[PDB]
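Letters A, B, C and D name the chains as they come in the text, with residue numbers starting at 1 for each one.
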Amino acid sequence: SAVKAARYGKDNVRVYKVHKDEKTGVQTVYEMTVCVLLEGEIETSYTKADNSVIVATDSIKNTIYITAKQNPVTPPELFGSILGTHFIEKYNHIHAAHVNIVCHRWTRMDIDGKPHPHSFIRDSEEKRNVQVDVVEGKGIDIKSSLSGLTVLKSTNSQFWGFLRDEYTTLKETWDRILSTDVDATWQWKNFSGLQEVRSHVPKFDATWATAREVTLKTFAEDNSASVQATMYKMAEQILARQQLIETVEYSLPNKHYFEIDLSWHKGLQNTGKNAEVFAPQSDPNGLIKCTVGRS
Amino acid sequence: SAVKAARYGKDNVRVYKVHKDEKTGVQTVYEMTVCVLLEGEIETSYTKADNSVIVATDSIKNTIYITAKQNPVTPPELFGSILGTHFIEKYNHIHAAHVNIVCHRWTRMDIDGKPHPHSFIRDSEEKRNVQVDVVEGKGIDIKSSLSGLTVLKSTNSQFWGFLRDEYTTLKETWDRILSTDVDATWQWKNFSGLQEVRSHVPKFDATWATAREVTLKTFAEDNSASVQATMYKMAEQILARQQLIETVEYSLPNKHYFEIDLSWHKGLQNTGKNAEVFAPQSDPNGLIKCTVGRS
Amino acid sequence: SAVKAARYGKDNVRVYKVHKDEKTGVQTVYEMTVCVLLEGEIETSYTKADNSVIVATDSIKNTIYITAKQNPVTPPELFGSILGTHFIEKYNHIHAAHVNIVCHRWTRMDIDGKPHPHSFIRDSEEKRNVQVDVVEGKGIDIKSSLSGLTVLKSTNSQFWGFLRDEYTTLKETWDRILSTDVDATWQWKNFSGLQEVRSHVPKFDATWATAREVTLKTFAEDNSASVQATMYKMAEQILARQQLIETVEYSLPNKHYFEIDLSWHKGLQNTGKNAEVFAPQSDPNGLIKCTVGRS
Amino acid sequence: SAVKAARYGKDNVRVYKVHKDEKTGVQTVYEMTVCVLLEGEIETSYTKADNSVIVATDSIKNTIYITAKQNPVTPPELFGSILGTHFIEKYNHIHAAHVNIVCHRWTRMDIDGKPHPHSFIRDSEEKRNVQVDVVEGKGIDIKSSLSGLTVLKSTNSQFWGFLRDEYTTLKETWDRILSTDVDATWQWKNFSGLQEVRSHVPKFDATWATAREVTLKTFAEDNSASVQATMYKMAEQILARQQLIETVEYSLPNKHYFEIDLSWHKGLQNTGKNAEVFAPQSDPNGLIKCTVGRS
C-alpha cells in the first residue's frame, strides 16, 4: 500500500478580534471559526511513525491566534491568504495550506436611532465564508461564499410544463410559495501570491455585497418559472458585475409548503385561490445546483 | 398504583398562514410551531385501555389548522387563547388545554429602499413565544416570551468584589466582554376568559416590543457590575411600563470569551489593556436566572 | 419591585474521570456533563450590585473538578448528593443547590470476544441522568432518569375506539408501527442527608437497570392498545419492584410512520396487509405523558 | 454566460421497509435517508425556462418509494445501483444519477436472552452509507462508508518527536487519551453495470463488517504513535482483505481531553501519573485525513 493523499490540521478554531478606535471610542468586533489543513512531504508520519515531519495541530492553533494578532482579519479573503502563505513559506516540506473561514455576524446595535459604539447583535445565522488554497508554485485560489440566507416569497413563483409520465403525480401550478436557504459561491481567478491578493483587497467586500444584493433583488422580483431559471438569472448578473470572478455556483433547497385540504370539514375552502393555511414540510426537499461560467 | 397526572396531545405542528390585502396587493406571512396538550377525565385510557376518552392527537392537529383558517393567528396570545378555549368548551371531559406557540421571523424585504409586497427574509433565529394554559373554571394564564436574542458588548462590563476562598482562581476585572442569549418571559395577570383576552389585544404586541427595547437598551447602556445586576434593571423597567404584568423572568447564559496569553511568543502582548484576540468558549457557561415581581 | 426567585451557577461542565485497577490493569472511564445552580441569600447581587454574596460561577466549576477528584462519581445519585451538600455546608448564605448530571455512555469494547482493558465505544446517545436538589433543613430530593432510548416495533400495536367527531379523519387500525424515544423518570422518597443516601447506594444502579429492563420488555411484549396503556404498564411494574420510589413519570413521543398509497402507479399494492414501504414523519408527533404514584 | 455544471433532484427522502417471514413470523426492518441528483441535457431549464427537460423532484421522490417496493433495499450498494440505473435507462436525456443513502441502525432487541421477532432498538447513531454514481457509458462507481463510530481509549496512545519551533507549546507525551469519531470510506473498482454489481452482492456486507472489525481491533490494540500512524494501519489491513477495493480513506478528528492542574488547591495532584479527572474539549479539534491505495 501507498499514501495517495494526506492532509491534517486543526478544525473548529473559534477566534474573536476587537478593534478600538482611540480617537472616536468606537469598537468593532469580528468573530470567525477557522480550519487549516496542510499537505506536503508528510507521508512518513503515516507509514513509519516519523513525527519529525509533523507541525503539531496545537501549533497550527497557536499560529492562527498569532496571525490574527499581527494582521487584519478582514476581509477574510486576505486573512486566509496571509494564514495559508505563512505555512508554505515557513516550513520547507509543507507545500499546500487549505484555509476555511466562517464569519459570524456581529451587527452594531442602533439604540435610539444612533449606532452604539460597542454593542452588537447577531442578526441571523447567515454566514460569509472563504475557502483559500495556497499551493507552492501555483499561487492562491480563493472561493468566497454566503450561506444560511433564508428567504420566502408567498406568490410569483410557478412550476408547470415539466415532464409527465407514469411516475408523476405533481400538479402543475401557476402560483406557489417559494422558500430556500441560499448557498452561493464565487470563485476568483487564480492569484499569483499575496501581493496580488493585496492589490484587489477592496473588491472582496464589494463583490460579497453585490452577490448578496443581486440574490435578494432577483429572488424578490423574478416571476419565477422554476428554481433553476431564477438561480441562473442571479449567477448571470454576478458574473457581469465582477470580471475577476470565473464561476458562480448556487446550491438551493426547495423548502416545500403544502396546501391543506380542509373541505372534509364543513366544506371549508383552503386550496388554490382560497389557500391561506399551509403545512411547511421539514423533509424531503428539492435540491437544485448550478455552476455558471463565462462563454 | 394510580394516575397522579396525565397530559397528551400533538407537538411540533408547523403552521404557515398568509394574509392578502386585495386593495394594495400586499401579502403578510406568519409561521409558527404549535404544541397542544390536553388534561381531563382521561385516566381510563391509561389504566383500562379505554380509548373512548381520547380525542386523537391527529384530530388535535386537524383542529389547529381549522382554527388557524377561521381566526387571526396574531397576536399569538390571542390565537393560543382561542385554540385552548376550543378544547375545553368542545369536550365535556377535557378540563385543561396547554398551548405552546413559537413564532418564527419572516421580515419583509426592502428592495431598493422600498418594502416588497410579498418577499421575506428570516433575520435571525430569535423567537417570540407564548405559553397559554386554559383551565376550566380558572380562566386563562398567559406567559409571553422572547428567546434566542444573541448579543455581545466588547467593553463596559465588570466583575469584581465576589467571594474569594480556597476554591477561587478567577481574577477580578474592570473590563471584560459580555455576551448572552436572552430568554425573557413576562407573565400576565390571570384573565377570566376569551372576552377579557380580546379586550387587551393591543397590549400584547406593544409589551413584546417594550420588553425587546428595554432589553437591548439596558444591555447596551448599563456599565454592568454583573449579569445579575444588569438583568434586574431590565426586569424592573418592564414591570414599570406594563401594569398587567405580574412577574418578569430572565434566564441568561454568560458566554465566556477568554484572553489568550501570547507572551511566550516573542513577548507578544495580548492581555489586559493589550488584549485584542480572544478565544470564545463553547462550554462551560455561567447561567444566571431571576424572577422579579411587584413589592 | 422585588426578587421573587433567583438561582445562578455553571452549566455544561464536561467532566471525564478514569479509574485504574493496578492489580488487573483494567481501566474504567466515566464521562458526564454537570450543571450546578445555587439559591440563598443572594438578592443583593441583583438589587444593589453587591457581589460579596456571589460564589463565582468559575469557582463552582473548580469545585466540580475538585469534588470529582476526591469522591466516587458513580452512581451519579451519590456524586450529585455529595456535590450539592458541599455547597450548602460550605457557604452559610447558600441554602439550596440544584445539581443536574447527564451521564454519557462509554461501553467497554469486546475484541475477539474478550473485554478490552482500556478501549470504549459510545453505543448510542441514550443517557442516564440525575436531578438532585439539596435544600438546607429539607434533606435531599433525587429524580433519576433515562432518556434518548429510541425503539421501534413493526407490528403488535393498535389504535381503535377513540372519539370520532367532525374534527376526526384518522382511521382506526389493528396493526401499526410504534416507535418512540423513551424519557422515564423515577422520583425517590426524600432522604434526610448524605448518610441516608450513602446507605441506599446499591439501589441506584439496580433500579436504573430495572427501569430499563421493564421498559424494553413491556414495549416488546405488550400488544399495545395505545401509547397511554403501554406506558402505564411500565410505570406500574417499576413501582412494584422498588419501594423507595414514590412516582414514575414517562414522556413518550409517538413518532409516526405513514403508509404510502402506490395504487396510482400500475395498481401497486402497498396499504393495509400489503404495506411494506412507509414514510417516516419527522413532524408533527404525538406526545403522551403520565405520572404514576402509589394508591 | 454558460452552464458549466448542473445537477438537481430530491434530498432527505426518509424510507422505511419491513420484510415479514410468513413461515417464522420474524420481521426485519430497514430505514434509510436517500438523496438522488440527476445530470444530463437539462441546461435549457436554467437558461430558457424550458421545464420540458425536468423530471420533477416530486417524481424522483415517487420513484424512490416505487423502487423500494419492487426491489431489495439491502445491501445499500445494490439498491443504490438499481435506483441510479433506473434514471439513466428510463430518460433518454438524463446521463448520470448520483445516489446517496444513509442507513440508520435498527438492531433486533434481545428479551430474556432471545431475539425478538419484531422489536428493535437504535443502538447508536453510527451510520452505514453509500455513494453510487451511475454514468451512462461509464458504468457504476460505488463508495461505501461507515461514519459516526465514536470510540475512546484511556491509555496506550503517545505523541512525541514532532517539530518544535517558536510556534510550539505542546508538551511531548507518552500516555494520553485518544478519542475520535470514525469516518472510513472504501472505494470499489468501477463496475460495468447492474449485472456486475449483482455478481458481487455478498462482498458488500462482508467488506463493511471487515472494515468495522479492523477499525475497532486496530484502535484498541495499537500502541499508537499518532493518529496518522494508527489510521494507516487500519487502511493497509482493509486493502489486504478485499481485492475489489481500490482505495480506503479515513477522516478522523482528534477529540482532545485536557489534564486539569489542581495543585493550586491544597497541593492536589492531578497531572501526569496522577491524572484522574480531565476536561473534554468541545473545540478546537485536530482533523487528520489520509487516502491509501495500492502500490
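We adopt the following convention: a contact is a pair of C-beta atoms (placed from the backbone, for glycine too) under 8 Å apart; a residue touches a chain by one contact, two chains touch by 3 or more.
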Shortest chain-hopping distance from subunit A out to subunit C: 1
Pair exhibiting more inter-chain C-beta contacts, A-B or B-C: B-C
Same-interface partner of A-C, chosen from the options C-D, A-D or B-D, over half of the pairs matching: B-D
Inter-chain centre distance, subunit A versus subunit B - centres from mean C-alpha coordinates, in Å: 30
Averaged-CA centre spacing for the pair subunit D and subunit B, given as whole angstrom: 38
Separation of subunit B from subunit C, taking each centre as the mean of its C-alpha atoms, in whole Å: 25
Shared-contact residues (touching 2 or more other chains) in subunit A: 14, 62, 66, 167, 169, 265, 282-283
All touching chain pairs, where touch follows the definition stated at the start: A-B, A-C, A-D, B-C, B-D, C-D
Residues of subunit C touching subunit B in the complex: 1-14, 35, 37, 42, 45-47, 49-59, 61-63, 66, 91, 159-163, 165, 167-170, 225-226, 228-229, 231-232, 235-236, 239-240, 247, 249, 253-254, 283-295
Contact footprint of subunit C on subunit D as seen in their complex: 14-19, 27, 29, 31, 62, 65-66, 68-70, 106, 109, 111-112, 116, 118-125, 149-156, 177, 216-217, 219-221, 257, 260, 262, 265, 268, 270, 275-280, 282
Of subunit A, residues touching subunit C in the complex: 166-167, 169, 264-266, 282-283
